[PDB]
Amino acid sequence: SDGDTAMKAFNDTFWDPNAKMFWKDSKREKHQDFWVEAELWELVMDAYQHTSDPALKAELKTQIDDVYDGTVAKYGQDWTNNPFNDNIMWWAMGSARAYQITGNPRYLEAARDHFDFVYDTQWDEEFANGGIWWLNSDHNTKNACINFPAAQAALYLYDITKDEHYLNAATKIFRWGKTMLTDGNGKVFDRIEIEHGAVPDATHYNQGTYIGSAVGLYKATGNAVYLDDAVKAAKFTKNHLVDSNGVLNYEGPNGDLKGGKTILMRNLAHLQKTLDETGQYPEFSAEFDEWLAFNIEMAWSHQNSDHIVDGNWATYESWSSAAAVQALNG
Ligand SMILES: *[C@H]1[C@@H](O)[C@@H](O)[C@H](O)[C@@H](CO[C@H]2O[C@H](CO[C@H]3O[C@H](CO)[C@@H](O)[C@H](O)[C@@H]3O)[C@@H](O)[C@H](O)[C@@H]2O)[C@@H]1O
């Protein structure tokens, strides 16, 4: 598959087998940032699930354990001192998925311990009747980039454990977030600050985690209202966070946002699979599928001679270049 060629190329260009970490760029001077490494972890897991090449599948399965090992070697196992609740939760969510694939108890303990630290200590009802703080060092804002990923992490932990506590957490987080961090119609706000209120800046990765938490809640509950929520957020994305030809936007120069199409595509694939399997929203499903295929082909067609795609789809960086690889590993 094109997904096989894209992932092997991405590994050949950016994977460091000594440190067991991705390089940040094609100069190979520094390794990827901590949180982005959890998102390239998930990319390896998504290529693992996508490929029907059994030799590549087995090599990616090994790489799932190596990405964790390289990160724990550099940083330790206990990430609860990191001041960013979102740094912790990206890795808790990756760890839950690694448990689903491998069954290695260390990944369940990592996921649970890190999720529980954030939800139990950083969910607050003093400010705005709920929601998780951005930071554990200072409590001034509650952000989409911690709240929707936390919901997703809780839904993985519910799927793994069937402990209803995790479904209750996912539901409480998502309900609060739809009320306080969206316009009620699919546009996901960046954050809500104590002093200055809502900041209605939308981005690919916050549309993405909203969509993924909504689809996950649909799968856990069978309540169609959650798939409606996902559809409205996908429709916002396809009509607003795109150029005039319908290609998803380039969000640089911000280093966190430049690769956010990676997180968006991952979640849009969950919505695509669920609409295809359920027959929900069939008119939207057919149009969504056409729009995704157009985007994936615009990514495919943007490769250099080493089969790496820079994130401006309309020196190569691993986060920016990851989005095309994710798009081809739906
Ligand atoms: C947590 C963790 O990954 C840490 O390493 C990151 O530094 C941290 C970044 O999050 C902040 O910045 C992003 C991007 O902010 C910019 O884009 C926004 C959307 O357009 C805009 O509102 C903001 O003013 C900036 O221009 C935000 O998306 C986050 O909410 C947060 O402010 C990770 O959160």
Side-chain angles (χ1 to χ4, degrees), residues 1-29 31-51 53 55-57 59-75 86-87 90-91 94 145 203-205 208 243 247-266 269 295-330:
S1 67
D2 294 339
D4 292 352
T5 306
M7 188 69 234
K8 285 188 280 183
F10 187 86
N11 274 343
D12 289 342
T13 299
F14 298 114
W15 177 242
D16 175 356
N18 176 227
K20 292 177 186 220
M21 291 190 165
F22 292 95
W23 295 113
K24 193 166 177 174
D25 70 24
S26 59
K27 285 170 167 208
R28 310 184 159 189
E29 292 181 8
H31 295 104
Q32 184 59 259
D33 296 10
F34 179 72
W35 83 272
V36 174
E37 188 74 349
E39 304 316 297
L40 298 186
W41 197 22
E42 287 204 48
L43 172 61
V44 170
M45 296 178 211
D46 293 333
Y48 165 81
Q49 292 292 4
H50 186 263
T51 191
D53 173 345
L56 179 58
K57 195 178 192 92
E59 294 167 355
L60 296 171
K61 212 180 184 174
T62 298
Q63 189 172 18
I64 294 172
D65 299 321
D66 293 333
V67 170
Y68 182 86
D69 287 346
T71 289
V72 172
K74 179 140 158 27
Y75 296 104
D86 49 290
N87 276 330
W90 294 122
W91 274 91
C145 64
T203 57
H204 291 150
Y205 79 140
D243 71 20
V247 180
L248 287 165
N249 272 0
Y250 176 72
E251 290 188 338
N254 180 285
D256 294 320
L257 299 182
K258 284 176 157 212
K261 286 191 293 287
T262 309
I263 293 163
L264 177 61
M265 292 300 294
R266 175 181 302 139
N295 272 267
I296 294 157
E297 161 184 0
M298 271 308 147
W300 173 264
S301 89
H302 191 58
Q303 50 191 299
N304 69 5
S305 58
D306 280 345
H307 309 286
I308 306 295
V309 181
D310 173 69
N312 196 5
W313 287 352
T315 299
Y316 282 64
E317 291 178 2
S318 60
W319 186 213
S320 187
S321 300
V325 184
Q326 179 76 51
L328 293 162
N329 283 281

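Counting begins at 1 with the first residue of the sequence.
- Ring planes of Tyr75 and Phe34: perpendicular class, angle over 60° (limits at 30 and 60°).
- In this structure the side chain of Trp23 never reaches within 4.5 angstrom of the side chain of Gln32, judged on heavy atoms.
- Contacts of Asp306 classified as salt bridge (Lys or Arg N to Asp or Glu O under 4.0 Å), with partners at least two apart in sequence or in another chain: none.
- Scored by the side-chain contact (heavy atoms from CB on, under 4.5 Å) test, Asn254 finds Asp256, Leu257 as partners (sequence neighbours excluded).
- Here salt bridge (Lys or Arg N to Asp or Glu O under 4.0 Å) pairs that include residues 315-330, with residues two or more places apart or in two chains, are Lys258-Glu317.
- Shown here are the ring pair (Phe, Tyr, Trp, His ring centres under 6.0 Å) partners of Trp313, two or more places apart in sequence or in another chain: there are none.
- No side-chain donor-acceptor contact under 3.5 Å links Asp16 to the backbone of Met21.
- The shortest non-hydrogen separation linking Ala314 to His302 is O-CE1, 4.4 Å.
- Closest of all the heavy-atom pairs between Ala9 and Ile308 is O-CD1, 3.5 Å.
- With sequence neighbours left out, the ring pair (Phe, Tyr, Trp, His ring centres under 6.0 Å) criterion links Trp319 to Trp35.
- Using a distance-only test at 3.5 Å, with no hydrogens or angles considered, a donor-acceptor pair links the side chain of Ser318 to the main chain of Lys24.
- Partners of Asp69 under the salt bridge (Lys or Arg N to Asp or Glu O under 4.0 Å) rule, at least two apart in sequence or in another chain, are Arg106.
- Ring centroids of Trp41 and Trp90 are separated by 6.0 Å or more, keeping the two rings apart.
- Contact detail for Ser320 and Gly311: the closest heavy-atom pair is OG-N, 2.9 Å.
- In this structure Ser305 satisfies the side-chain contact (heavy atoms from CB on, under 4.5 Å) test with no other residue, sequence neighbours excluded.
- Atom CG of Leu328 is separated from atom CD of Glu297 by 11.0 Å, given to the nearest 0.5 angstrom.
- Summarising the geometry, atom CE belonging to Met298 is positioned 12.0 Å from atom CD1 belonging to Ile296; distances are rounded to the nearest 0.5 Å.
- Residues that satisfy the ring pair (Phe, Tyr, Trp, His ring centres under 6.0 Å) test with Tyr205, not counting sequence neighbours, are absent from this structure.
- The side-chain contact (heavy atoms from CB on, under 4.5 Å) test applied to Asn11 returns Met7, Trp15, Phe22, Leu60, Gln63, not counting sequence neighbours.
- Scanning all heavy atoms of the two residues, the minimum distance from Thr13 to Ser26 falls at CG2-CB, 4.5 Å.
- Judged purely by atom type and a 3.5 angstrom limit, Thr51 has no side-chain atom pairing as donor or acceptor with the backbone of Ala47.
- Between the side chain of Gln49 and the backbone N or O of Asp46, no donor-acceptor pair lies under 3.5 Å.
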inquiry  = One pair to check against side chain to side chain donor-acceptor pair (under 3.5 Å): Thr262 and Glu39. What are the steps and the verdict?
reply    = CA-CA 8 Å; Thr262 309; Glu39 304 316 297; over 6 Å; no
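- Residues passing the side-chain contact (heavy atoms from CB on, under 4.5 Å) test with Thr5 are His307, sequence neighbours excluded.
- Between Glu37 and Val67, the shortest heavy-atom contact is OE2-CG1, 4.0 Å.
- To the nearest 0.5 angstrom, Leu40 atom CG is 4.5 Å from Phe10 atom CZ.
- Between the side chain of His204 and the backbone N or O of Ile263, no donor-acceptor pair lies under 3.5 Å.
- In this structure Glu42 satisfies the salt bridge (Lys or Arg N to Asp or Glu O under 4.0 Å) test together with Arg97, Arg266, sequence neighbours excluded.
- Here OG of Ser1 is found 8.0 Å from CG of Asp53. Values are rounded to the nearest 0.5 Å.
- When all heavy atoms of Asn249 and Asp243 are compared, the closest pair comes out as OD1-N, 3.4 Å.
- The salt bridge (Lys or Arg N to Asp or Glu O under 4.0 Å) search around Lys8 returns none, not counting sequence neighbours.
- Once rounded to the nearest 0.5 Å, the distance linking CE of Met265 with CG of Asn295 reads 6.0 Å.
- A distance of 9.0 Å separates OG1 of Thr62 from NZ of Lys20, quoted to the nearest 0.5 Å.
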